[PDB]
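Report on one structure; see the data block that follows.
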Amino acid sequence: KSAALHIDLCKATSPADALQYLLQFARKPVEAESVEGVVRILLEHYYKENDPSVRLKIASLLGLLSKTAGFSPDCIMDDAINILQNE
Amino acid sequence: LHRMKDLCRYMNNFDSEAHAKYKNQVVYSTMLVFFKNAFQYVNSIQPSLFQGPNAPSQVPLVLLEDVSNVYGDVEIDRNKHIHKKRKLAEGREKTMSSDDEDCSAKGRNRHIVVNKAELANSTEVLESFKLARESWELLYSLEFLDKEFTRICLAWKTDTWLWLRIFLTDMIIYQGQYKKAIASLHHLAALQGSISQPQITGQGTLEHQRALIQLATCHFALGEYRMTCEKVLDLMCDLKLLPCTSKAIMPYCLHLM
Amino acid sequence: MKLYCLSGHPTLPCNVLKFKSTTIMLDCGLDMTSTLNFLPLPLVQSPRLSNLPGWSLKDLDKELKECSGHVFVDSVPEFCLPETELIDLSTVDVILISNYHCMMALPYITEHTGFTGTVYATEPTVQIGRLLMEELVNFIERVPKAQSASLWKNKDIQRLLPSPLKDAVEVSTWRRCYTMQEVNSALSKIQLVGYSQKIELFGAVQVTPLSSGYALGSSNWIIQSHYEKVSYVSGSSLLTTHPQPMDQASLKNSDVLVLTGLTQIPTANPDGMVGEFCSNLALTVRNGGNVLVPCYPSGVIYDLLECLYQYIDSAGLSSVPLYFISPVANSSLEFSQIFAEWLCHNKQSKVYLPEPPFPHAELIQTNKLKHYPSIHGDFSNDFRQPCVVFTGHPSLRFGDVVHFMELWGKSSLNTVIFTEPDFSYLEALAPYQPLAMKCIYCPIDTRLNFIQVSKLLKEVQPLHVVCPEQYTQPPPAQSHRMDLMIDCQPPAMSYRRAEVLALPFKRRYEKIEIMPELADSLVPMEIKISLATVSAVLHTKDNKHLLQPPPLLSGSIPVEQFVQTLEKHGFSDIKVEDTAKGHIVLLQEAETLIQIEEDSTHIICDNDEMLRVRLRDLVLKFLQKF
């Protein structure tokens, strides 16, 4: 889910609880049409987050999501290259 | 830094035709000095707003009250400490809230006691930082430069513009008007958080915290100790020593108090 | 500086440290206790387990089975892996294996996770681990069972299940047993290392295995970068065990001492428990009953076998047979025998004169110990009823131990004796609870207890200690024993599963070598201590830095000495201007000027270029670079 993940990542503590929630979320699959919203939220939290391990897990997760079904990732590579430049 | 003492030494309200060359030279020098001061203020106090989307977007700094000067023996006033603190801070010049303009003569009334290692330069950088108010005041003395500065502030949306906001924050910081700095701090949260450019986003913004600390310092200079303490608590959750990080802003709030 | 902990199990750790330019995996570990939630795999389909009543809920029923209140899973046992998705294991450069117990789960990491690094371990560890995966795969694939059970893994369904099944964690990450092809592939990616062997990893860090004394080939690792050393203390023992004792000396001067593999059941003295085990089985055998001893084929079985060899002669029980049933039984006995140089000084002295080290060769020679590969072979012909059998997995979920539990479980005469503490003997025994069999728990754990590790810590004095969070609190069974804790002068930071620890051991001053050619051109000075200046080109190869041959100044130049000493060193017509806290000196030739500040000097040239270099050099008479 999109809003549920957003609010859960907002309310979770930065260093460990957010990492655990991302770990739980990475296991369960995501429907292709909903990939855009969840990766947008992950990017927003990537900008917010200061911890390196949490950002690393966000990068790994949002790379994993790009392999899901016939999803078209041509809309999520400008923000990806941007955050890569800023990382 | 000291070149404005010669340009401003001529007749401010000189003849448009008889002294056309002198007026044009004075206006050009005033505009250049104002641009240099704005650029320096933006670089020193607005590191996040001056950085693009692919830039580092570092934590911005801020300028605080000269509390060290009052504590130091250079400005050890035996009977000018309680009521003259606002006077020592602003010089009773920046009464009005001047956006993108600094109307203050504190550069000549006092100085900045900076050693060789405390600041970047004991002659160049310190004088350039202190003379910004004097150069801007000299520019405001000339009608053409003042009109150009006012037009720039009006057209550029000085609250939204990075350089003009930094200049306004520096002017309010030295003036002691905590309300302008508080308004800038409030606008520095939503402006930075809602912009797609790379900066400090959300309530925990470095620029917003630095502006809040500057507002606390201005309130302390104005004598409103309760307001300064409230601003310091909110932030926690001519020259001065302060780091550009947001973490160091919290431990420096109590210095003004 | 970093440490990714991929497993919350204390005695089965999986830690990765992103330290320097290499990420090193410390142990693999396989949390075998997840198998206790599943129904056991029998060699022959039993009527009792097949006809167990399914569990009831408001909805499923065939996935879960109930036996004497406990609820189990009617599916193939699954194993809780370390967290593989926390850190991309493709980035792991090296894996260090300490024990054969920690050697498991390695096929998962090596095959499924895209790991292309190297694995380093000692040869007895490799061989015994190979035997363990051999017997595990043999047990699992002997009589295969389907994996139909997946509904109970659901997040909203697991909450309503009873306690043993509800408290299981990382259930979605459980995997079935690796195939033998994966085992063979994994062990092909291994490098055998001896004790105190210095292995260089890309010229960055040096790792040596050090003998831990806990098992054959058991090793502790120390990783060092020539200034910062990280010590990894896995399962170790300071008792009179067969392997050579702990090399405690090499752990000194350690910035970080990551500490795992401490004993379970710390209150138990292993010698007393060995004596109790022997006495209990002697009592059972004397009354005509049988004895079942679930154990690993190569672990603590040898020590208790030696004690049994000593005990039976005095006990007058030489007639009864000592059966050891496992697919890797003969391999275990032979590997234990041949690794004679991996023993202590007392037992490695048996190689001088011709004699096998272990005494169970004499048990075989006198036909006291009889090892078999399974139940269906010659064992069923040579089986005598009042016997003692070492077999099967200690988990009581697969192997021949399931068959023997189902066979002898109906009589009070027979007994089952648990010696491995890594499995909860009440939870492993859960799918058989209404038995009349006499169940005895006398675990034999020779690993370090908290007194021993406290003494070792005070001997070694590490700057920081890393341990599982289970050791920073007393065990839940006691919950009041302050002696069962890791007490350190530093707080001794801890970790849980999937926790990332930012270690504070970040240090500067990496080592570099300077060749004689450049050292010839380097000349020192005197200050207040020696000092020199170096200008060279840096050559780096395999993370080893070499200095190939191709602002600040310091000294004592006070205003008085400045005015006096260099007054007439070659020029003329010099005036001194009475400046505050110093003096300003300028010459009339072209208004060339020299200004001094407090603890500083600088030279000004005005329309002159030739004399400026000599002006600088004159001041350089007594100016160093400190």
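At a glance:
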{"quantity": "The protein assembly as shown, helix-only ellipticity at 222 nm - DSSP H runs n ≥ 4, -39,500 (n - 2.57), divided by all residues, nearest 500", "calculated": "-10500 deg cm²/dmol"}
{"quantity": "Loop trypsin sites (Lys or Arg not before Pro), the range C:204-301 (other Cβ atoms within 10 Å of the site Cβ: 15 or fewer; DSSP)", "calculated": "C:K252"}
{"quantity": "Residues with amide H under 5 Å from that of C:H545, placed H, sequence gap 5 or more", "calculated": "C:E513"}
{"quantity": "Least to most buried among C:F19, C:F505 (fewest other Cβ within 10 Å first)", "calculated": "C:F505, C:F19"}
{"quantity": "Partners for C:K455 among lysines (Cα-Cα distance below 23 Å; same-chain residues under 8 apart left out)", "calculated": "C:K229, C:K252"}
{"quantity": "Relative compactness, the protein assembly as shown, computed as alpha-carbon Rg over 2.2 N^0.38 Å", "calculated": "1.30"}
{"quantity": "Other-chain or far-sequence residues with amide H under 5 Å of C:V388's (modelled H)", "calculated": "C:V291, C:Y323"}
{"quantity": "Hydrodynamic radius of the range B:15-81 per Kirkwood, over alpha carbon pairs, in Å", "calculated": "16.0"}
{"quantity": "Whole-Hz couplings from phi, Karplus 6.51/-1.76/1.60, listed for the range C:311-323; x for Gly and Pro", "calculated": "6, 4, 4, 6, 7, x, 10, 5, 5, 5, x, 10, 8"}
{"quantity": "Chain B shape via C-alpha gyration tensor axes, a/c threshold 1.5", "calculated": "oblate"}
{"quantity": "Cα gyration tensor of the range B:100-144 - equivalent ellipsoid semi-axes, whole Å, descending", "calculated": "24, 10, 7"}
{"quantity": "Peptide ranges B:82-91, B:30-39, C:153-162 listed from the most packed, as the mean C-beta count within 10 angstrom indicates", "calculated": "B:30-39, B:82-91, C:153-162"}
{"quantity": "Test item: C:593-600 mean partner chain Cβ contacts at 10 Å", "calculated": "1"}
{"quantity": "Estimated FRET transfer efficiency when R0 is 51 angstrom, pair B:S97-C:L552 (beta carbons, to 0.05)", "calculated": "0.65"}
{"quantity": "Efficiency of FRET between B:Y10 and B:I82 - r from beta-carbon atoms, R0 56 angstrom, step 0.05", "calculated": "0.90"}
{"quantity": "Karplus 3J(HN,Hα) series, Hz, for the range C:23-34 with 6.51 cos²θ - 1.76 cosθ + 1.60 (x for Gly, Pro)", "calculated": "9, 9, 8, 9, 6, 10, x, 9, 5, 6, 5, 5"}
{"quantity": "Alpha-carbon centroids, the range C:262-331 and the range C:153-184: separation in whole Å", "calculated": "33"}
{"quantity": "Whether chain A is rounded, prolate or oblate, judged on the alpha carbon gyration tensor where a/c under 1.5 counts as rounded", "calculated": "oblate"}
{"quantity": "Inter-part distance where the range B:143-178 and the range B:48-117 are each reduced to a Cα centre, Å", "calculated": "16"}
{"quantity": "Under Karplus coefficients 6.51, -1.76 and 1.60, residue-wise ³J(HN,Hα) of the range B:250-256 in Hz, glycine/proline x", "calculated": "4, x, 9, 5, 6, 5, 5"}
{"quantity": "Fewest-first sequence of C:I364, C:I596 by Cβ atoms within 10 Å of each Cβ", "calculated": "C:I364, C:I596"}
{"quantity": "Order of C:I222, B:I249 under a 10 Å beta carbon neighbour criterion, fewest first", "calculated": "C:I222, B:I249"}
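Read-outs: derived from the displayed coordinates by stated rules, not from any lab. Backbone-built Cβ (ideal geometry, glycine too); neighbour counts: all protein chains shown.
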